[PDB]
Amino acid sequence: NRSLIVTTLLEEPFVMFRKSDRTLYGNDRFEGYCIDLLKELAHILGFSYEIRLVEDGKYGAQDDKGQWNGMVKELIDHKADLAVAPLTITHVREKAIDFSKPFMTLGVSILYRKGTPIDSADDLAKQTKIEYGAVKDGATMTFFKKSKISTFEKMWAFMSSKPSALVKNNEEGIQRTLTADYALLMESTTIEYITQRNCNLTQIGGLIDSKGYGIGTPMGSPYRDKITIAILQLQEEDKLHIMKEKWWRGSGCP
């Protein structure tokens, strides 16, 4: 009956500061695919919300003692009711929080400058001249850390010995690919957005795995089921496809 606390972080084109001459405040500060999604869920389900940026700016991972951070920790501590963001649904996380059914499907792939004609992950793993890494404390990093696939094991070994291989966020990571001989391990629908706008960057290879984004909730949340059905209904009508086209719609690359 109360407004729901929504945790998030800034990530183009999912959650961004809207442009204005005015100083903005409250929910009005934000726009993007997840905000559009949040509005539709709120309309369909009849709830209100207050959006808050997660203080540590992280999605969430476990430390050596097994303690979480990021939005995942916000849910665990019940400081937020929902995590509305491009939050990857993973089995390791389902151990701490719950998820709606996925609202978007994606996979891990490679972002790299057009040039050295690498064609796959295997090529990166067998060398060190081209450094590579991932966003710290995100799903992609954790995927590598936990993998039993020989190649990805080789990659994690490399990433974790190399001090700045793992970057604070996408913005930092993308910049590194543009200024250093560096490849970023990143999620594919994001790679898609970036390579349409940065014509010297490209995706290398295809998708190495396949997973989903979902809305996070505290374990046992009373909103989770209701969110899932609304999401399912949005997909049936191709609305999430249309919504994506809206925010990915950009000026192409020769």
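In this text, rigid core is short for the largest set of C-alphas that superpose within 1.5 Å between two forms. Heads up: residue numbers just count along the shown sequence, starting at 1.
Trainee: After fitting on the rigid core, pick out whichever of 146-154 or 103-111 shows the bigger RMS C-alpha deviation in 7 other deposited structures of this protein.
Mentor: Looking at 146-154 versus 103-111 in 7 other deposited structures of this protein, the farther one turns out to be 146-154.
Trainee: Mean C-alpha B factor from the entry: is it higher for 77-85 or for 157-165?
Mentor: Comparing 77-85 with 157-165, the higher average CA B-factor belongs to 157-165.
Trainee: Which is higher in the entry, the mean Cα B factor of 112-120 or that of 95-103?
Mentor: So the stretch with the higher mean C-alpha B-factor is 112-120.
Trainee: Out of 70, 222, 26, 205, which one has a C-alpha B factor higher than all the others in the entry?
Mentor: The listed residue with the largest C-alpha B-factor is 205.
Trainee: Based on what the PDB entry reports, which of 209, 56, 50, 31 has the top C-alpha B-factor?
Mentor: That would be 209, according to the entry.
Trainee: Looking at the temperature factor on the CA atom of residue 65, which third of the chain's modelled residues does it land in?
Mentor: Residue 65: CA B-factor falls in the highest third of its chain.
Trainee: Per the entry's values, where does residue 90 land by CA temperature factor relative to the rest of its chain, in the lowest, middle or highest third?
Mentor: Within its chain, residue 90 is a lowest-third residue by C-alpha B-factor, going by the deposited values.
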